[PDB]
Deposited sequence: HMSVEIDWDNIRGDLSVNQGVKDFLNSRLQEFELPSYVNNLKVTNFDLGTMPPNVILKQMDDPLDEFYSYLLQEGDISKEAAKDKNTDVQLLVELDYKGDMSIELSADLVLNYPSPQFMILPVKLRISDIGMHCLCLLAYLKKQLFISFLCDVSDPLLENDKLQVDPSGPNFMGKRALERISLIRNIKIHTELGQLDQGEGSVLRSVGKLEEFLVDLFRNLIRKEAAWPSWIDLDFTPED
């Protein structure tokens, strides 16, 4: 309906939004069991990209009850193709040739995150909630089996459980500092982390959950 410009420079520099996503991510990390090849997983940096998402404002409403004018809630399409990153640190546990033969601290960066999602942004009491709804190309939308009008008789019904991936692409890069095999275990950790991050966004940033920022 209507495109919205966005001051990425202002957003990219707000120290409270950056800490805030780090707070969200680390707090949600503590619910994830870590397998034998990793210890002490934490998000240590977060960098918004150079580029904003394209944003199309579809609708405006009073925020839904469950988030509890001048309170407001936007229904938006985010088309994000930028270069945002998340840095994680961890201890890589090598279990070859013996169990815990060696432990190496490593740094990983999740980046190249591609999404094209319907999303809610609820502003109330100086707070912003961000709740990803579903990919814009989810078949449930074309088939009219999922309703995404928050005002809104059948908003996000039982069929939302069959939602497709919210994340269209994602890369993880491990930085070296590990001349010391190691790469087999890094590969297991890369795979583990992509899956973890997918699951954390799905379960904690997507309706009926959301990211709560100040």
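Numbering the deposited sequence from 1, one finds several regions with no C-alpha coordinates, namely 69 to 85, 198 to 201, 236 to 240.
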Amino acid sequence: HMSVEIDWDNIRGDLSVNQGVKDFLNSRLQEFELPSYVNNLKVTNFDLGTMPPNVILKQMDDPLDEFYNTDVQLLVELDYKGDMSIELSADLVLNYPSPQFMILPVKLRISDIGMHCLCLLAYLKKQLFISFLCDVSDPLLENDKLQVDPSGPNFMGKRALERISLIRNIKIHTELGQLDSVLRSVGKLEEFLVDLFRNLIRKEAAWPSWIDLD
From here on, numbers count along this sequence of modelled residues.
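Stretches 121 to 129 and 100 to 108 differ in mean C-alpha B factor, with the higher average recorded for 121 to 129. When the mean C-alpha temperature factors of 11 to 19 and 192 to 200 are read from the deposited coordinates, 11 to 19 comes out higher. Looking at 35, 187, 49, 157, the one whose CA carries the top B-factor in the deposited record is 49. Between the residues 56, 176, 43, 148, the entry's highest C-alpha temperature factor is the one at 176. Compared with the other modelled residues of the chain, the Cα B-factor recorded for residue 169 ranks in the lowest third. Residue-level temperature factors show residue 143 in the highest third of its chain, judged at the C-alpha atom.
Ranked within its chain, residue 91 lands in the lowest third, by CA B factor from the PDB record. Residue-level temperature factors show residue 77 in the middle third of its chain, judged at the C-alpha atom.
Looking at the C-alpha B-factors along this chain, the one for residue 30 belongs to the highest third.
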